[PDB]
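Next up: the same protein chain in two forms, each one alone, written as structure tokens (structure 1, then structure 2).
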Structure 1
């Protein structure tokens, strides 16, 4: 990024008439380095400072870094932000000018600093990412109905954790038509075989059998409420719902526990098997502590390598000491290939239980050493020490680890008491907080890449929150949250939970015994419509991790009709590297890369086998190419949709803050553009914005983004072209993924696909055409639809018309309306 980070400036904070500077501690920890009053400074961290101040000025501070490869950098004084070249110093606002309201929301008072708002914006990013993956999860559940109804039924949208199943079953005989249809919708859902795609959530190994209705309902109700709370903005106490999950009724806690216990128990039991003999031998050779603490330590050192602190090749030291001894030979058969690794733990305990002075002297020598020659000499002396002082006990290991003794000990266990054993490995539900269990439930419906992105984003944002909460203690600032957000005072615990979650969370497998139902989908995803070949194709499809995504987020024969779109196929296989195109074509065919792409783009469209040796590998080559192409396409469209889900989430959230700040924002459900009009200070009359542009409006625009006349005038001009109904149906298309559901109709006629932005917006614009074709449409929307039929490509004007709700955040509006600005990975020229 920047020289300030390279110099080690982790942050610069303002606190009244004082400025504080920080550097990177261990991990994401911050340490205080300097304070500036005015043109004058005082050092901190005096025993290991990361950088020094070369000269301090009111414009900015110059620094030189000791912490690494030395660089010289300059950093700008936060108090002169917005105050250079025309009261000359002030604590900066956020761009939205919501800082006083956000501070008065999460904490009780306005704070006169800019440390609190960074924490708050991390809280807002946690909700931002949950709105995305909860929307994806509910879409994945709703897709199960797509073979029976095209509509996104309300059954998932209305659910709340207020109604327990015992007052919902009362609807079975209720007289009210909607409540009856709601229960018959639940009965229709629980009978669908496609629950087998989510076996880890809905099935219990007890063959594995479908759970009792009360738990299926409680799962659906939890995920539905999580979506409703993320995508809408709640009123009253429901706003605090995610932060008051301790208040959930017993059925939801019990279902969360019984879902979370099945991965934990499995992994907490595998380790008690693959290790029995090793743990017993260690528990005999060592007697120095309660054996549960030995087992804890062995688990900890096996699963966490501690290289973030013990950052040196202890394994090289081991080899340097054991080389040339029988310990490096077939002295006994048991460990010539594997099973050797407790020797490392013997070394590790030889560092933890004693000679920690030598370990600290080693860590110092490793900091002071210059050459690999030095580290090698030190390793040789450590080998000379350890091989005489402590290693002799491994001879008793060599006595204990004989093969028949291994076989005997395999019939035995460590005899830790059950309630102690269950507290020396991965914690069970009883200990894990409801938030992490609900995150695990959400992850049950997601792809592995989505699980990784979600969990690591949560880890990062909680670690940031923790770091700021630590900073505020040393600075002596008021840290105490409002009572309703006191959840975040446990954030250091939740980070420890989330990093534990990342240690075992994994993609939802299918039921192994269920595959004979997926067979029909596995054939209908290709369009194959003697039996051994068909069974082989089915088995080589159902095992594919790409099929497991593609059939959960899409209807298979709808994917097969989508694969007839030669332009989109040709585009997505243009982005496959040429060497991969060779690796496919050499396997599928038995000469330019363009003509080979074109040929396999026709092969993948006419793909079939039949009417309902290496040949098998040829068949795999055809299958693996096909599923890969569609996987890349649909994933990226879903990833484009998430960006607009965030945008509408923000529209909902910031409206309530702008309303809370005193702006007459109006009804955001009647017209999503009301906030932008409110921020622009313009008001509709008779359905038209009458006002022309004037500088006096921009100079009074309610946020910093809209202060500039150029983009204010452009947003006003595009907003006069918007239409209420089209923006609302765009919003619902985004929140329901209807554009991706109806992909075989929206994609029917495209000339060319330039990028996934153009494809996604063609899908939306053709959906809006299909929704408004039978309705009265006003002038500019009719022109946009005309240009959408004259050119079989998305209208660049229409997207910047219907995206006008986001205009209040100019950076978001630009990013979501100009391609090449859209994707971090594919930069390009902006227009206008």
Structure 2
């Protein structure tokens, strides 16, 4: 199922001039040159330890059998022939967009007769795509509740503050929007970015500088810019002092929190590991534990230590409920034992495991490999793991916490994560960006960024080894330090999720908490304020207060939900039975019994139905008696504790279902803001390439129309379909007649205003900002893609209900009500702006082909 060429070890098959360079897998993603192929002749590079031998070379195929791992044989294609054969006959291929010459001429200073620089440039574009997703998400988080979309680094707070007495309404209203935002309590959910210990809100200067660095990032990543500001993400060393200082202060605090007293906070794990590693010096063990836990070196070593631990401790008896309070320490130190074993004594085994994982053809093969390695690790570490578990008793952890250890930090401090004065402004800004995401988004951003920078570094080293012109342009010299940025980003990914600067739950936080949970309609605003006074006690009982704080405010599900949704809006969206039920049967049985075992005191369909009924009929007053049972201990068998765990299961289920809905909707919108970022970027790229595209702000389909060669005559596309326009397209995607005809037909069925509104509700995330009203009447939710496009099309209907709509748009909106679901034709109608990129158009207009995790059938 997986690629045999990768299993055989073929990292890449490049193409420079008439020669073809085959590269192999090094340490991780490092690429080492293996063979150079010049017209059916192969010259073996990397003679000692070759990853693969190539037993026969043809002009149209390189047969390669694998040395490393299982001896698998593969056939690989000649890149010079990538667009030749059955059509001069050997030329370096162009990218699908046919933008490769312009990308080379823009990132570097000249066209390149090879097939490596474009490979690097597409990874840079992937970087910008991910940042376009996540700066947009951060701005939507700040706007959830025309100002954040015009924030420029060029003006500091000392110049933005002069807009208090601005004689002009635009500047005065911008400053008033800034004040109305900082005065918002919602900044308390952005506490890492906006709250400092003195917890107080950061001063207005830092408050504004965070917003400027975030909004300018969004503007850069979505709007292709002109002038010096086009390279703003890469010329960040020119940031003003205020922005540098705010980047520093936001980045330093997790670093300072973790490495100020690493011995003290990690004393329990350090001591119990010193018990296992008696022969090891305590300073060495402390440095290794920093490397493992803070720096996360156990994840960079080319195999899943987490998978090995899970397969080793599968059924040995540590799945019992007793260790749940211990399980974090137990898993951490099992991973540490495995790690230290792999650097110290099982380095050969780690290499022999990475090789067989790379050479494996199936996930079943990877599973068997991990299982066998975990069997060996268990048989090696039965007593080590038993010692770890025994020395994690509650009394034992208490005594370990009270003990005094004066461990030498000289060897530890050589591994301390660099402070903000050493890391770069780009990675500091990336951390500041990460301050406005959930944890899953945290990973999807920072791990993808380290992947892309690692790819760029590997390409740069390959081109240096081949002697190719590696020099980026003076404006893109940022990527000449790609190795340094990769190191910084991996270091940041190590500790980005490790620190949470959570604040004491404010009164407005508690207001959001019950609003997201549900209140009876008849209760007035003063009544809700009186219930807040009851929670906060204006003898004393903070039981319900603490229950609401722990279960709702401190739940990252609710944290996410107030990051990207008004609590009242989320509560309203909790009332759509089809959409909540859809998440209900997406959560598996294993994760449904977790809630039902507490919400019960028989069939899974009935269980999910009643769970969804509870999500629909949930309110504060069902939990208003939490002052009685919150003081109980969930682990006990008292009825107060049982009811406490029941309410915890209900609240967690509701918040998690809403979290899943909102996260999936935001992810689907993230794919479309990728699409529109690509539209806007490729517009400028094609304009540089001499394509006649024109202004795309006015009409977002200008790019696809320019690529297809069609032009609207009197507002409608009057050019018909013929093979000539298909074959003379501006890119490889639309060289085919069938999908050219389909995209032309769907272009004729769209309109400028609807497409512009779709772009606006995608970038500004208004479809989610108004999720409650955009989800009112939905019949079923076959997938999150369907729900997102129903929200989008309902948003389009609401704005275009009292305006002139073309016949096709009217038919789409009528089909919206004829059966209450999104229009599978409207999606491809307003998705035409990125129809030029046929793969993206197909993915974003066809369900099943949208997401990788739930693949479905193509609708042709």
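Numbering follows the first chain given and starts at 1. Definition used throughout: the rigid core is the maximal C-alpha set that superposes within 1.5 Å between two forms. Shifts are known only where both forms have a C-alpha.
Note: rigid core superposed between the two structures; among 469, 414, 459, 115, the CA shift is 2 Å or more only at 414. After superposition on the rigid core, displacement of the C-alpha of residue 671 between the two structures stays below 2 Å. Once both forms are fitted on their core, the CA shift for residue 497 between the two structures remains under 2 Å. Annotation: Cα of residue 402 displaced by at least 2 Å between the two structures, core superposition. For residue 580, the Cα deviation between the two structures after core superposition amounts to 3.2 Å.
Here the rigid core is superposed, and residue 510 then shows its C-alpha moved by 5.7 angstrom between the two structures. After superposing on the rigid core, the C-alpha of residue 758 is displaced by 0.9 Å between the two structures.
Shifted stretches between the two structures, defined as 3+ consecutive common residues each with a CA displacement of 2 angstroms or more after rigid core fitting, are listed in sequence order as 272-424, 506-517, 530-540, 578-586, 608-612.
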